[PDB]
């Protein structure tokens, strides 16, 4: 039929679920760029999407994303045993103690940045999160980061996802940010291999610099650089989820008090933040063989997009997805396909986000400080979510006035 690209960019989070609702189905055939695209939504859809005998990621990623968001040669573009062996490198980083260490470093950096925020009077909370995250994740990952460069590197990491997918000249800064960050990370890898950088044996940058592939070869310095940015960048992106934590504390009644007094509530709350709020709209794969599913044809080579936001707001799964209610997670069966803000399926055997433990730990630190430590006022502003923005944010970016902290 018609090309629907422009309609998708106008409503990137909701386009799929809205059409699904219109059609009374969990899937529909469409066309993005010029490719026929099957669009899927829901737990059953997610589960077939993560079947690696039917779906491949190889070459499925639009080049614009490679040259900004993702880089070229990274784990996202791999399939099969090549993929599994590369994904294992990421998974080995995420021990409960290593995740804890990153959370601890991030709390310290948050606390160090508050005085700065106090003397400012008024801050855009979102704008202020990138640098502490950058400082935290760099130290955790063994990436040296001098004090006077921290601001700039945070700006560059931010530019990879917050200027990327944009209708404006911001796409140009994003592409240059990618070349700068790639060259920086590459210099890090090279110094580790040459002995000039003493990154500890438990650190991401070390693991990535010394990773051997299935042929016992080091990654090429550029591919290693891209994989290191795949740790640094998405950690800084947690700024979005932290902003949504502040937003929930502000727009939904009872949340604050429940968090203060109920110990087990934090975990339910951060889960519901990830379910409720838009972040990553969709993931893309290519059908690897001819098959049919619930009446829909999936010929070899068909581009297929899995709607994450729609799946997270699926009525069959949640009954009242439209409500923000952390308690729903008391009844969650931990299914790997019905709740997928960072992908579904298995972490080792598919492309599901290895960053979930980090996101959760950091979201918890955020929720803890925002209720138990950090005091602030919230002036009249537009807190409505910008569903036409990538990534989606409250329009204001969540503005704070009179910020101060204890311990």
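Positions refer to the first chain, counted from 1.
Of the two segments, 297-305 and 89-97, the one listed with the higher mean B-factor is 297-305 (C-alpha atoms only). The deposited model assigns a higher average Cα B-factor to 174-182 than to the other stretch when 174-182 and 78-86 are compared.
Within the selection 342, 52, 381, 338, the deposited Cα B-factor values reach their highest point at 381.
Per the deposited record, 374 carries the highest C-alpha B-factor of all listed residues (367, 360, 48, 374). Looking at the C-alpha B-factors along this chain, the one for residue 217 belongs to the lowest third. Compared with the other modelled residues of the chain, the Cα B-factor recorded for residue 347 ranks in the lowest third. When the CA B factors of the chain's modelled residues are split into thirds, the value for residue 210 lands in the lowest one. In the PDB entry, residue 161 places in the highest third of its chain by CA B-factor. For residue 234, the recorded CA B-factor ranks within the lowest third of the chain. Only modelled residues enter the ranking.
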